[PDB]
Structure formats: C-alpha cells, structure tokens
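Encoded as structure tokens, the following chain is the form deposited in one PDB entry, with no partner shown.
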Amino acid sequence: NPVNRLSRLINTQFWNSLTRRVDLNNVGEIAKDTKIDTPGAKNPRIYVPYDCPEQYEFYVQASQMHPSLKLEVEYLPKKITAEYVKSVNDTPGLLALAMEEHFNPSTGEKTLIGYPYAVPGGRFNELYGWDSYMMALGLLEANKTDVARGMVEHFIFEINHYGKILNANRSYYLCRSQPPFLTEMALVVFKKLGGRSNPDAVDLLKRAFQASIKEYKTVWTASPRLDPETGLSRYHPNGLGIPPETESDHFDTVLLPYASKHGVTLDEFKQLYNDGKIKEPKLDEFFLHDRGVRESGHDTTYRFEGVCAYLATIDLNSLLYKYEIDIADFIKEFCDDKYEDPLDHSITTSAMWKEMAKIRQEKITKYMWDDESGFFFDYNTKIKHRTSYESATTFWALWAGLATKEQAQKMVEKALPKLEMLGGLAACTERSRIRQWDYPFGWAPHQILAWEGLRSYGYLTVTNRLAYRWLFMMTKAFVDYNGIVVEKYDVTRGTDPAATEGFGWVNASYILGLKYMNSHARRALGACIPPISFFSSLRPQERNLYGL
C-alpha cells in the first residue's frame, strides 16, 4: 500500500537521511556547501562566536584529526557588522550551533557533541528557520523528539549569539532571518517531553521563551523592521551588497542597465558595487527588497519582488500575534505573572502582552482585513496603502487566532474558493498573479498552517477536504514517479514524465495530513482515487465530514 510505503519511508529512512549531528569526524561532511562557488569555498570553514572557547577547541581539534579536510576555524567579532559579512562573502563558512555536554561517568572527562537537527535536504545542508517548525512537527509524530528538541536548543543559541533566528547558519545569512515559530515550536516540544512533569522540559520551555521574548523585542519589534506609525513589523534585513549564495547569472539582468549607465563591464560593476564604490540609491533599495523577500521565505513571488520591504505582511504580523499570546501564557504560569527581562530590566505582565496582542489584532484588521473579498491583504507602510494581491497566507490569521469568528467564516466562504485547487491550496489566486511561490503552486507550509488554523476555528471538515486533496496529489506522484518526492507541486495539474531523503516539510506535510484521515480515506488514497471520485462515492452524511 503506497500510503503505508511512503509513510514508512518518511518516518525512518527519510528523517535519518536529513538528520545531522556534529561530532569530530563528520565535520566538513556537515560543512559542505555547494551553493557558493568561489576560491574560499574550496576548503571547509566554520565560524565561532567569541563567547565559546570550548567550541573553538572542539572544531579546531577536529581540523587536527583529519587534515585531509583542510578545515579552517575562525572566531567571530563580538559585533557583527553588515560590512563584516560582506567581507566573508568570498570566504564563507558554517556557523557553530548549540552543543550538548556529555560527561564521562567514571573519569568525569567532558566531551562536547552537537545537538541533532534536520536539514531541508539536497542543496540545503543547514538548519533553516521556518522549515524547522514544519519538520519538528513531523519528527514528533515519528517519535524522534531529540531531533526536534535539538533545533529548539539551536534557535536559543542562534538568538543569544547571533542576535536572531537565522535564515540558516552560514556566514552569508548572519544578517537575515525567517518567520518566527519559536514559541509554538517550544510548546509542542514541551508537551511531548511530558510537560511540567519533566524538569528538563520546563527548563527548556523557560530558556526558549526567554529567547523568544528577546527575539520579539530586539528583532521583530525593533527598527528597521518595526514601522512606528502603524506599529506593525516588516521584513527589513540589514544585509549589505549582493547576496553571494544565488546564481552567478541570477541578478545579471537587473544589473546590466546600471553597468551600462556607469560605462563598465558588468563583472567590474559587480566588484565595484561590492566594494562600495558605486552609490546607486534605486539599486540599493532593490537589493534591500530582495533580502526582505528572502527573509519572508517566499522567494520568489510577485507580491514581494520589487514590493516587500515597506510591506507589513499578514504573514509576519500573524506569527507575532501568536508570539504575544504564547509569551503572555508563559509569564502567567511559570513567571508568576511578573517577568523582568535580565537584559534591559523591563518588567512585564501577561495582562500587558495580552493587551499588545489586542492592539495588533485591531491594527491588522484596520490596515489589512477586507470584508468584501474576505482576504487579509498586506499594508504598504511607505505609500500608506493596502495591497490587492490575494495570498494563501491569509489563513495564518486563523493559525494565530487573531481573527474574529465573523471574519473566519466570511474568509472560508469568500476567500477559500479562489485558493482551493485540485491539489489543495494554491499560494495565491490566479487573478492576483512563472514565479516560484505564486499560482499554480501549492506549498507544504501553506497547507500545514491552514489545516491547523481551520481546525482551531471549528472547521475540520474543510481541513479533511483540503488534506485529502493534498495527500492524494502527493500519493499519485509517489507512485507515478516511482518513489520520487518532489519539492514543488502544481495543485492545478497532474503528473509528468536524490529523492531518497524527500524534502523536509513536504515529508512532514504528508504525515500531519494523514492524521486527519480516517481508515476509509486512507484506503481510498492507496487506490489513488481522485478527490472528485472519492467524494461523490460517499454517503451524504459521510460526505459532510469533508464539508460537502
């Protein structure tokens, strides 16, 4: 049965293939980076913060065992400047992450070994920000918790030492980030470890919310990201120059007009721009929006390219609402409703946080919600106007819990039909739109968040329907492509003419979706029954379970 075959592969072979753990021997296997080709990328390299002498010894000694790798270890400055990262552009490296202390019981000798984590797979050998929530959900269903806990330990380390949750842990990501899930990601691992019963669980919960509170204040509600007028946050990374990790050809088309304006060859224009010599304001802004699109994880989409820096997205501000609610709960329970940030000595109560979320919910509705169309749009903070682009991320409002019941149903009735395709939810409506993250492409995170969001607001029959559509499409591809799991899916079309690891959040979308399926539906999936045929075959009251 292909449903059980795919599931079984995801739970065992796939996650193991994607799992990474740093020991002394595997460095340079973990440090492999194909995305940046340049003379500095030939030898493996790791960067370490100035706070971690013990980690420095670990990796330094790692180079001493296997000089074959020619691995180079380098400390990092206490203050990491945008200019500084531009300097390591041509000499990249992997960033150290959380380490687990393991003591010899007889002789007490302490050895360091990395916490486990999952990579998205393939070209991406690093821990990524918003993939890791998706994967951790799937790993907790596969009952590998240590892999999920490791990533939480990593996000904590990322926030303290690197100042935010990184797009991924590499030199060239140090100014970027990605949509925050840390609060909810901490809760689901807390509950799996046994909750308050487990003292290690409670410890972890506190450290993750301590870090979450700092990420909130110092990153997302700080400037430049925070818009003072609206009080809503935008994606505004401080990265400088042209991002190294793209294709050498990638930007050549937009750069070429500027080079001709400056009368030099493009390859010279590239170098002189990265040397700061050319000052072009209009182009400096473009690359600013580019880095903002890469911080949104949606690179690339038409609602963003040339648009989103100034944009306050339903995406980010929804996940912030979840942060504010989660933080409030944490303080009221474990902090006795009094929390004083040890950094700035700021006292806060749950009532205050619960307040802050109420204002956010008000201001989101003010600047975003549209009752006629049923969508949450994004607000441009520069020109002070609302976007017309209909996006699938509007369901994050449900996932966060900031929408009113009235908003939700108007959104289910009016908004959902335009996003619901054969394979589930397209990333945006056809009218709103060949880019990557636009129609006709569905993406796993969009599905996962909408499933749980729709469930919280009381529609799980819609989730059953949308999950069937997605799992059917994934199952048919598994059998038609002979075990190949593909990263991207066209939800409006059918099949076509190393997948041993799959792709992390696609794997997780499959299992998370199957929880919503009863045994009748799982069997229909094994037969590769299309949704139209499956639904029409059900007794009318069973068909109600799918919202039909």
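Throughout, we count residues from 1 along the sequence that is shown. Think of the rigid core as the biggest set of C-alphas that the two forms share within 1.5 Å after superposition.
Omitted here: the form deposited in another entry. The next part is about that form.
- Once you line up the core between this form and the one not shown, the CA of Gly122 is the only one from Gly122, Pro440, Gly297, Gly401 that shifts by 2 Å or more.
- After superposition on the rigid core, the Cα atom of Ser106 is displaced by 2 Å or more between this form and the one not shown.
- After superposing the rigid core, the Cα of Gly40 is displaced by 2 Å or more between this form and the one not shown.
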